[PDB]
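**Q** Pasting a structure below so you can have a look.
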Amino acid sequence: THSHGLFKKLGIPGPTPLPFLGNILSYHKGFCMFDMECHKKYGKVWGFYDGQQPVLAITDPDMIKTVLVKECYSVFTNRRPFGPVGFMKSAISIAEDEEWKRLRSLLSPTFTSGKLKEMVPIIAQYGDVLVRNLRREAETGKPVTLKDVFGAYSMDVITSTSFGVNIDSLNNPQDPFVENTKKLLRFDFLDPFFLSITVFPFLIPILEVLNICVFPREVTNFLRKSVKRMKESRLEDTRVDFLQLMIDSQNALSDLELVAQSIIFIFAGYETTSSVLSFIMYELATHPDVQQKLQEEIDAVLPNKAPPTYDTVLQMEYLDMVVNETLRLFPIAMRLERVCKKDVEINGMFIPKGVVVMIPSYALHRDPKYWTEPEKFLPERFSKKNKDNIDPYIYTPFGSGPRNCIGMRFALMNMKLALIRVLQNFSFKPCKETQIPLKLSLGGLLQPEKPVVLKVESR
Ligand SMILES: CC(C)c1nc(CN(C)C(=O)N[C@H](C(=O)N[C@H](CC[C@H](Cc2ccccc2)NC(=O)OCc2cnco2)Cc2ccccc2)C(C)C)cs1
Ligand code: HEM
């Protein structure tokens with residue numbers, strides 16, 4: 001269909017596009033499989049079409065550094081525009097160019113060491129509720145869905161840190177704040193919707209006029225007035241945080257622009273954290289040796305079940321290696337993307353304006369070139385002895401350069417506080433409903449298709 005001659009013309013290899021669809025039918029196997037096959041078939045560089053949209057996949061470490069780091073401001077500043085967003089247009093992750101730059105420098109000081117350290121005792125209050133929730137399900141000896149119990153912890157941790165609003169979500173099985181959230185991405189290729197906007201962009205500006213959204217008007221009004229509430233709470237009182245840093249600005253940030261960042265952070269800080277924690281626990285169970293070695297490290301650094309501190313969290317090398325290794329196998333972003341905003345040639349390759357450049361993270365994390373036994377879970381690959389044999393541009397679970405994950409440092413620590421507490425009280429065993437091996441969901445988000453269910457024993 002016209003734009004379909006580009007990679008032919010550039011002499012770049014790729015699967016042959018269909019009219020209108022592009023290579024969209026190959027997503028039927030899920031696109032991590034697609035990416036992996038493209039790598040195997042085509043080598044270090046290839047091209048494909050998301051409908052009419054050209055996407056150039058790259059895998060050269062240098063070229064990746066060029067686009068992620070060296071030419072971020074100048075050419076590769078923005079992600080793809082995905083679908084109809086409405087007011088979320090203003091969200092840092094979706095914001096383009098100048099708008100993004102000022103939101104970045106406005107919101108970045110949120111995750112500094114001092115500000116992290118001030119959230120340590122705050123989580124220290126929820127870490128303790130989490131253990132209390134598990135200890136009860138461990139009594140019954142009856143299987144646990146980790147997503148459920150982790151999810152609630154994450155929600156408590158995010159709402160309270162970013163805003164200063166303790167909302168008891170852990171002492172609340174029935175809770176409006178977790179439920180309204182998780183129904184924020186219906187993202188599937190079986191879901192006829194995202195398959196029509198992934199393929200079919202020309203729809204987008206119409207939907208913007210229709211005020212149709214990927215987030216049902218349902219969530220963003222609960223989340224609207226709810227944020228519109230903690231806002232006044234702060235405004236009406238006589239600790240300088242996320243919700244506050246934006247009340248620095250509101251004396252040049254506005255209202256829906258505040259709500260928008262809140263929602264991003266509420267989302268990221270709930271779904272990602274709980275998912276990875278699920279993945280990690282699946283790994284510790286299917287690998288007891290590793291589970292025990294980590295329980296040893298914790299008891300070593302934090303003797304007599306000692307409560308975590310910021311610095312002791314960092315002391316724990318093996319914890320970090322476990323966290324890193326899970327993130328190798330399960331990068332929740334499966335690909336990184338930047339839209340090429342002007343003609344360019346990087347490392348001896350021409351790239352035309354408008355192309356989406358894509359880093360296939362999930363694929364590179366499993367590449368036989370860089371990783372021996374790339375399917376095996378092996379934390380030792382992240383030991384100080386082997387740590388630098390590892391290319392920071394092949395291993396990118398957090399992205400890289402200026403548009404990398406603003407929430408990385410908080411995420412690592414948030415996750416690590418949860419683990420420490422959890423493993424210093426319980427051990428995790430494979431039961432019957434456990435899926436071995438675990439398989440991934442084909443649709444959008446890198447998820448387990450069956451939830452992660454394990455047996456929990458006290459110590
Ligand atoms: C075929 C094409 C359309 C696609 N490409 C992909 C791969 N990909 C980059 C995605 O993950 N999907 C994209 C997507 O939703 N990503 C987002 C777009 C913004 C959305 C906004 C949003 C999400 C949920 C509820 C409400 C709002 N996501 C978002 O901001 O994620 C927060 C996060 C930070 N760190 C981890 O997670 C950008 C992003 C990507 C990876 C990591 C972090 C942020 C879209 C292109 C659909 C899936 S479909
Ligand atoms: C373990 C959980 C998490 C993982 C694996 C993760 C991974 C990522 C990745 C890979 C990106 C894209 C970076 C790039 O494209 O180069 C990203 C972007 C981002 N993440 Fe994180 N993330 C996690 C948790 C968080 C948390 C807790 C927050 C903050 C609440 C967060 C906020 C963001 C924002 C705002 C962006 C867009 C950055 C920008 O455009 O300036 N994510 N996340």
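Following the order of the structure tokens, chains are lettered A, B, ..., residues in each are numbered from 1, and ligands are numbered from 1.
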Taking only C-alpha atoms and all ligand atoms and a cut-off of 6 Å, can you tell me which residues surround ligand 1, written as a PyMOL selection string?
**A** chain A and resi 50+80+82+93-94+184-185+198+264+267-268+272+333+335-337+405+444
**Q** What are the closest atom pairs, with distances in Å to one decimal, for all residues of stretch 263-364 of chain A lying within 12 Å of stretch 409-413 of chain A? Consider only C-alpha atoms, order rows by chain and residue number, and present the result as a Markdown table.
**A**
| residue | atom | partner | partner_atom | distance |
| --- | --- | --- | --- | --- |
| A:265 | CA | A:410 | CA | 11.2 |
| A:268 | CA | A:411 | CA | 9.3 |
| A:269 | CA | A:411 | CA | 7.5 |
| A:270 | CA | A:411 | CA | 10.1 |
| A:271 | CA | A:411 | CA | 11.1 |
| A:272 | CA | A:411 | CA | 8.5 |
| A:273 | CA | A:411 | CA | 6.6 |
| A:274 | CA | A:411 | CA | 10.2 |
| A:275 | CA | A:411 | CA | 11.6 |
| A:276 | CA | A:411 | CA | 9.9 |
| A:277 | CA | A:412 | CA | 10.4 |
| A:308 | CA | A:413 | CA | 10.4 |
| A:309 | CA | A:413 | CA | 10.1 |
| A:310 | CA | A:413 | CA | 8.0 |
| A:311 | CA | A:413 | CA | 10.3 |
| A:312 | CA | A:413 | CA | 10.8 |
| A:313 | CA | A:413 | CA | 7.3 |
| A:314 | CA | A:413 | CA | 8.5 |
| A:315 | CA | A:413 | CA | 11.9 |
| A:316 | CA | A:413 | CA | 11.2 |
| A:319 | CA | A:412 | CA | 10.3 |
| A:320 | CA | A:412 | CA | 8.4 |
| A:321 | CA | A:412 | CA | 11.4 |
| A:322 | CA | A:412 | CA | 11.3 |
| A:323 | CA | A:412 | CA | 7.9 |
| A:324 | CA | A:412 | CA | 9.3 |
| A:327 | CA | A:412 | CA | 10.7 |
**Q** Go ahead and dump the residues you just picked, N, CA, C and O atoms, as an mmCIF file, in the first residue's frame.
**A**
data_model
loop_
_atom_site.group_PDB
_atom_site.id
_atom_site.type_symbol
_atom_site.label_atom_id
_atom_site.label_comp_id
_atom_site.auth_asym_id
_atom_site.auth_seq_id
_atom_site.Cartn_x
_atom_site.Cartn_y
_atom_site.Cartn_z
ATOM 1 N N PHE A 265 1.740 7.556 37.270
ATOM 2 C CA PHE A 265 2.495 7.087 38.424
ATOM 3 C C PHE A 265 1.705 6.056 39.213
ATOM 4 O O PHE A 265 2.281 5.090 39.732
ATOM 5 N N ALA A 268 1.880 2.847 36.714
ATOM 6 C CA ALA A 268 3.215 2.271 36.771
ATOM 7 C C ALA A 268 3.445 1.647 38.147
ATOM 8 O O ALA A 268 3.652 0.448 38.258
ATOM 9 N N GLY A 269 3.342 2.462 39.196
ATOM 10 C CA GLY A 269 3.607 2.022 40.580
ATOM 11 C C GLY A 269 2.743 0.902 41.169
ATOM 12 O O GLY A 269 3.023 0.423 42.283
ATOM 13 N N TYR A 270 1.697 0.492 40.442
ATOM 14 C CA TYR A 270 0.835 -0.612 40.863
ATOM 15 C C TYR A 270 1.053 -1.865 40.029
ATOM 16 O O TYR A 270 1.300 -2.951 40.574
ATOM 17 N N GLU A 271 0.941 -1.723 38.716
ATOM 18 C CA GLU A 271 0.931 -2.887 37.848
ATOM 19 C C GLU A 271 2.313 -3.514 37.665
ATOM 20 O O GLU A 271 2.471 -4.730 37.824
ATOM 21 N N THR A 272 3.294 -2.683 37.321
ATOM 22 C CA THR A 272 4.652 -3.153 37.074
ATOM 23 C C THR A 272 5.229 -3.850 38.297
ATOM 24 O O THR A 272 5.623 -5.016 38.222
ATOM 25 N N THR A 273 5.230 -3.138 39.424
ATOM 26 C CA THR A 273 5.772 -3.637 40.679
ATOM 27 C C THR A 273 5.162 -4.986 41.069
ATOM 28 O O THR A 273 5.884 -5.923 41.388
ATOM 29 N N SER A 274 3.839 -5.096 41.034
ATOM 30 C CA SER A 274 3.192 -6.359 41.400
ATOM 31 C C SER A 274 3.497 -7.490 40.411
ATOM 32 O O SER A 274 3.521 -8.656 40.794
ATOM 33 N N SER A 275 3.719 -7.148 39.147
ATOM 34 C CA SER A 275 3.926 -8.164 38.112
ATOM 35 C C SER A 275 5.280 -8.828 38.247
ATOM 36 O O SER A 275 5.416 -10.046 38.106
ATOM 37 N N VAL A 276 6.280 -7.990 38.497
ATOM 38 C CA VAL A 276 7.639 -8.416 38.560
ATOM 39 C C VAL A 276 7.794 -9.234 39.837
ATOM 40 O O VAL A 276 8.348 -10.337 39.815
ATOM 41 N N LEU A 277 7.253 -8.717 40.937
ATOM 42 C CA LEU A 277 7.261 -9.457 42.180
ATOM 43 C C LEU A 277 6.656 -10.828 41.979
ATOM 44 O O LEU A 277 7.124 -11.796 42.599
ATOM 45 N N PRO A 308 14.296 -3.848 57.216
ATOM 46 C CA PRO A 308 15.067 -3.163 56.168
ATOM 47 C C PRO A 308 15.307 -1.666 56.392
ATOM 48 O O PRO A 308 14.459 -0.969 56.962
ATOM 49 N N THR A 309 16.484 -1.207 55.968
ATOM 50 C CA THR A 309 16.789 0.216 55.816
ATOM 51 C C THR A 309 17.281 0.482 54.389
ATOM 52 O O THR A 309 17.720 -0.430 53.680
ATOM 53 N N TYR A 310 17.241 1.741 53.982
ATOM 54 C CA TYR A 310 17.671 2.124 52.653
ATOM 55 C C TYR A 310 19.013 1.500 52.274
ATOM 56 O O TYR A 310 19.158 0.931 51.193
ATOM 57 N N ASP A 311 19.978 1.616 53.177
ATOM 58 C CA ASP A 311 21.379 1.313 52.886
ATOM 59 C C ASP A 311 21.686 -0.183 52.888
ATOM 60 O O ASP A 311 22.471 -0.658 52.059
ATOM 61 N N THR A 312 21.071 -0.903 53.829
ATOM 62 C CA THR A 312 21.161 -2.362 53.914
ATOM 63 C C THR A 312 20.513 -3.021 52.709
ATOM 64 O O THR A 312 20.888 -4.143 52.337
ATOM 65 N N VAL A 313 19.524 -2.334 52.124
ATOM 66 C CA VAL A 313 18.881 -2.794 50.894
ATOM 67 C C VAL A 313 19.914 -2.843 49.785
ATOM 68 O O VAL A 313 20.013 -3.841 49.069
ATOM 69 N N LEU A 314 20.703 -1.781 49.683
ATOM 70 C CA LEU A 314 21.800 -1.691 48.716
ATOM 71 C C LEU A 314 22.956 -2.638 49.008
ATOM 72 O O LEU A 314 23.600 -3.112 48.084
ATOM 73 N N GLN A 315 23.207 -2.936 50.281
ATOM 74 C CA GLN A 315 24.251 -3.911 50.647
ATOM 75 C C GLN A 315 24.051 -5.282 50.005
ATOM 76 O O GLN A 315 25.018 -5.997 49.757
ATOM 77 N N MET A 316 22.791 -5.631 49.740
ATOM 78 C CA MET A 316 22.413 -6.974 49.331
ATOM 79 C C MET A 316 22.648 -7.274 47.852
ATOM 80 O O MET A 316 21.775 -7.071 47.010
ATOM 81 N N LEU A 319 20.417 -10.199 46.156
ATOM 82 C CA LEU A 319 19.036 -9.789 45.979
ATOM 83 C C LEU A 319 18.935 -9.082 44.648
ATOM 84 O O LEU A 319 18.039 -9.345 43.839
ATOM 85 N N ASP A 320 19.895 -8.197 44.433
ATOM 86 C CA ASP A 320 19.983 -7.390 43.243
ATOM 87 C C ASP A 320 20.130 -8.295 42.028
ATOM 88 O O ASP A 320 19.486 -8.073 41.010
ATOM 89 N N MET A 321 20.942 -9.338 42.152
ATOM 90 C CA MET A 321 21.222 -10.229 41.038
ATOM 91 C C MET A 321 20.000 -11.049 40.662
ATOM 92 O O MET A 321 19.799 -11.392 39.482
ATOM 93 N N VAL A 322 19.204 -11.382 41.677
ATOM 94 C CA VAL A 322 17.954 -12.101 41.473
ATOM 95 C C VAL A 322 16.993 -11.155 40.777
ATOM 96 O O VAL A 322 16.429 -11.487 39.732
ATOM 97 N N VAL A 323 16.831 -9.956 41.322
ATOM 98 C CA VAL A 323 15.975 -8.963 40.674
ATOM 99 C C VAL A 323 16.372 -8.708 39.201
ATOM 100 O O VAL A 323 15.520 -8.749 38.299
ATOM 101 N N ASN A 324 17.662 -8.473 38.961
ATOM 102 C CA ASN A 324 18.175 -8.288 37.609
ATOM 103 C C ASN A 324 17.934 -9.457 36.680
ATOM 104 O O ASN A 324 17.529 -9.269 35.530
ATOM 105 N N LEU A 327 14.479 -9.826 35.552
ATOM 106 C CA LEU A 327 14.171 -8.761 34.609
ATOM 107 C C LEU A 327 14.802 -9.029 33.256
ATOM 108 O O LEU A 327 14.370 -8.443 32.245
#
**Q** A:372, A:254, A:174, A:361: which is nearest residue A:57, counting only C-alpha atoms?
**A**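 Among A:372, A:254, A:174, A:361, it is A:361 that comes nearest to residue A:57.
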**Q** Please identify all polymer residues within 12 Å of residue A:360, counting only C-alpha atoms, omitting same-chain residues fewer than 5 positions from it, and present them as a PyMOL selection string.
**A** chain A and resi 31-39+44-46+55-61+64+331-338+365-367+393-397+399
**Q** If you count only C-alpha atoms, which residues fall within 9 Å of residue A:7, apart from same-chain ones fewer than 2 positions away, as JSON, numbers by chain?
**A** {"A": [4, 5, 9, 10, 11, 12, 13, 14, 46, 47, 48, 54, 56]}
**Q** Could you tell me which of A:252, A:454, A:302, A:340 comes closest to residue A:102 if we count only C-alpha atoms?
**A**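 Counting only C-alpha atoms, the residue closest to residue A:102 is A:252.
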**Q** Report as a VMD selection string all protein, DNA and RNA residues lying within 8 Å of residue A:424, evaluated on only C-alpha atoms, omitting residues in the same chain fewer than 5 positions from it.
**A** chain A and resid 295 298 to 299 305
**Q** Please determine, counting only C-alpha atoms and all ligand atoms, which residue among A:226, A:386, A:180, A:161 has the shortest atom-to-atom distance to ligand 2.
**A**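 Under the stated criterion, the closest residue is A:161.
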**Q** Using only C-alpha atoms and all ligand atoms, which of A:258, A:357, A:103, A:440 sits nearest ligand 2?
**A**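 Closest candidate: A:103.
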**Q** With DSSP run on the backbone, what are the strand (DSSP E) residues within stretch 47-284 of chain A? I'd like them as JSON, numbers by chain.
**A** {"A": [47, 48, 49, 50, 53, 54, 55, 56, 57, 58, 144, 145]}
**Q** One decimal, Å: what's the distance from atom CA of residue A:256 over to atom CA of residue A:232, could you say?
**A**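 Value for the atom CA of residue A:256-atom CA of residue A:232 distance: 14.2 Å.
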**Q** Atom CA of residue A:404 and atom CA of residue A:160 are how many Å apart?
**A** 24.2 Å
**Q** Rounded to one decimal in Å, what is the spacing between atom CA of residue A:92 and atom CA of residue A:69?
**A**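 Those two atoms sit 18.1 Å apart.
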**Q** For ligand 2, which residue out of A:122, A:301, A:155, A:203 is the nearest one, using only C-alpha atoms and all ligand atoms?
**A**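 With only C-alpha atoms and all ligand atoms as the atom set, the closest residue is A:155.
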**Q** Enumerate, as a VMD selection string, the complete set of residues in stretch 22-179 of chain A that a backbone-based DSSP assignment places in alpha helix (DSSP H).
**A** chain A and resid 31 to 42 61 to 65 97 to 107 113 to 117 120 to 124 127 to 140 146 to 163 176 to 179
**Q** Could you check which of A:239, A:207, A:112, A:307 is closest to residue A:417, using only C-alpha atoms?
**A** A:307
**Q** Which residues are close to residue A:349, i.e. within 10 Å by only C-alpha atoms, leaving aside same-chain residues fewer than 2 positions away? Reply as a PyMOL selection string.
**A** chain A and resi 10+12+63+344-347+351-352
